[PDB]
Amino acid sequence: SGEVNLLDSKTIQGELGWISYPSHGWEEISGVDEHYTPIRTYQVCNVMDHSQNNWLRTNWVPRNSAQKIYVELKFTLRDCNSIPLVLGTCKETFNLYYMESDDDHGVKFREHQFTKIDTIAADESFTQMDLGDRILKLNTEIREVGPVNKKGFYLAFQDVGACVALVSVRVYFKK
């Protein structure tokens, strides 16, 4: 009976305190959403580079007393065949992780501390034709955050060689 956002990447505050590791991986780049509102998006496309392991971590998110936590992802993903320069093998998936924590600051980022929720695939990948005709090939994927037995958690996105634009990340519970 109503949703309550814990995190919204489209709000000014919601997009603060995110960290990329390493730099030049996930980038903070202006884009637009499905409502024609200019927003901050999170993008990665290092297919002209070798051995990619790019992480993007959100700010700390409280769980409150909520039981079931959902994460809603809106993203565009490029068809590997539509990319003129590919040095290795391009991927068309990316990974969603989480890590529980009581602390919202002073937490050194460690990949091995993160639990994988799912591998994220696109129902529709876009091509040069979509680029040329200005088509918004938006994918929507909803997942649930695993057991959170701390005060809150961090979410993380892992890229291993895909061409992915995260248009929207929204974490919420229902009342």
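One rule holds for the numbers: they count along the sequence shown, beginning at 1.
Legend entry - Mean Cα B-factor comparison, 18-26 or 160-168, giving the higher one as deposited: The deposited B-factors put 18-26 ahead on the C-alpha mean.
Inset, instruction - Pick between 105-113 and 127-135: the one whose mean CA B-factor in the entry is higher. - result: The deposited B-factors put 105-113 ahead on the C-alpha mean.
Inset, instruction - From the list 41, 65, 119, 58, select the residue with the highest C-alpha B factor recorded in the entry. - result: Highest C-alpha B-factor among the listed options: 65.
Inset, instruction - Kindly indicate the residue among 73, 96, 87, 80 with the greatest C-alpha B-factor in the PDB record. - result: 87 has the highest C-alpha B-factor of those listed.
Inset, instruction - Sorting the chain's modelled residues by C-alpha B-factor, tell me whether residue 140 ends up in the lowest, middle or highest third. - result: Middle third by C-alpha B-factor.
Inset, instruction - Pull the Cα B-factor of residue 148 out of the PDB entry and bin it into the chain's lowest, middle or highest third. - result: Its C-alpha B-factor, which the entry lists for residue 148, ranks in the highest third among residues of this chain.
Inset, instruction - Among all modelled residues of this chain, ranked by Cα B factor, put residue 32 in the bottom, middle or top third, i.e. lowest, middle or highest. - result: According to the entry, residue 32 has a C-alpha B-factor in the chain's lowest third.
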